[PDB]
C-alpha cells in the first residue's frame, strides 16, 4: 500500500495571538504541511479489542509492545507482526471495576506504573517474562488522572483528583514531596525538554509550571475552560494545551504569544508530540484524531474514528500512533512519511 498527499482547504482554523490583543489567521510557510519528518498519511493497521473503554495507552521503547488501560485491566499487545490482533499478556488490577487513567513505562521497558480511579498506584514487574505486581503505592487522594516519569527514572509524578502532584520515589516506594496549588484535580502533566520544570494542567482552568528542584510553582496561566491535556515540545519552546471547549492552544514558553487551533467540535481529551517535535496529535470527544504542525498548527491529517478518542501515544521512533477509544478498543496507526 502506497499513499499520496492531496491538498485541501478549510475556513481559517489556525490563529496567532500576539502580546498585544491581536488575533490573526496564520499565513502558513511552505514547509507547514510538507517536509522531512512530516506525515503524509496515517494508515490504520491494527485494532486492539480490549473490551473496555481505553483511557490510557503507552508504547514500549524500542517499539514492540503496546499497553492499553481499561477497567481494572491493562492488556499487552505485540505489534511486531501486524496483525496479530490478540493480547500477549494482561495485568489484572486489585478490584476490576475502576478505570485505569494512566500507564507509563520506565526506559528499561520492564516496569510499568499504573494509576487510575482508585487510591492506589501499581508498580508492575515485566522482566519477567510473565507480569507480577511489585508494589502498591497508596495515596489519600481517591484518584490519579495522569503520570509522568522523571528523565532519570527515579521518580514518578502523579496528578491527584484533589489537585496535588504526588512525587513518588520508585526504588524506595515512598512519597517524598507534594506540589500543591491546583484547586481542583490535576488532569495532565509533562516535563520540560531540559528536565528541570514540571508542567501541569487542571480542572481549575489553569496550567502551572513548577521548579523540580526548588519544589514550587513558577508560572500560572489562567484559562476560560478546564484543561484535559497537555504536552511539552521535545525540542523545546512550545507547550500544547487541550481544552474542554475544543481549542488546542500552543503557548510560547517564557514568551507572550500563542496559537489557537479550532478543528475539534468537543473537548480535547489527549494530546501528544512527535519525538522529533515538528508535529503533534490531539484527540477529541468528537471522534477525531487531528495531526498538527508545530507550533502554528497547520492541519497535517485528520482521522475520524468510530467513537470518542480518549487517549493516545506516539512511539519513540515516530513510526506509530496509538489511540484509545470509547468503542472499547485501541487503534494502531502506521505513520506514512
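Numbering follows the first chain given and starts at 1.
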- Message: Quick check on residue 11: across the other compared entries (only those modelling residues on both sides), is it unmodelled in a third or more?
- Response: no
- Message: If you look at the other compared entries where the surrounding residues are built, does residue 91 lack coordinates in a third or more?
- Response: no
- Query: Of 262-270 and 178-186, which one has the bigger average CA B-factor?
  - Reply: 178-186
- Entry-level comparison of average CA B-factors, 15-23 and 322-330, reporting the higher stretch: 15-23
- Can you tell me which of 237, 204, 244, 97 has the highest Cα temperature factor in the record? 97
- Query: Say you rank 200, 89, 122, 254 by Cα B-factor from the PDB entry; which sits at the top?
  - Reply: 122
- Task: Give the position of residue 93 by CA B-factor within its chain, expressed as the lowest, middle or highest third.
- Result: highest
- Which third of the chain does residue 231 land in by C-alpha B-factor: lowest, middle or highest? lowest
- Query: Ranked by Cα temperature factor within the chain, is residue 147 in the lowest third, the middle third or the highest third?
  - Reply: middle
- Query: Going by the entry, which third of its chain does the Cα temperature factor of residue 104 land in?
  - Reply: middle
- Message: Per the entry's values, where does residue 208 land by CA temperature factor relative to the rest of its chain, in the lowest, middle or highest third?
- Response: middle
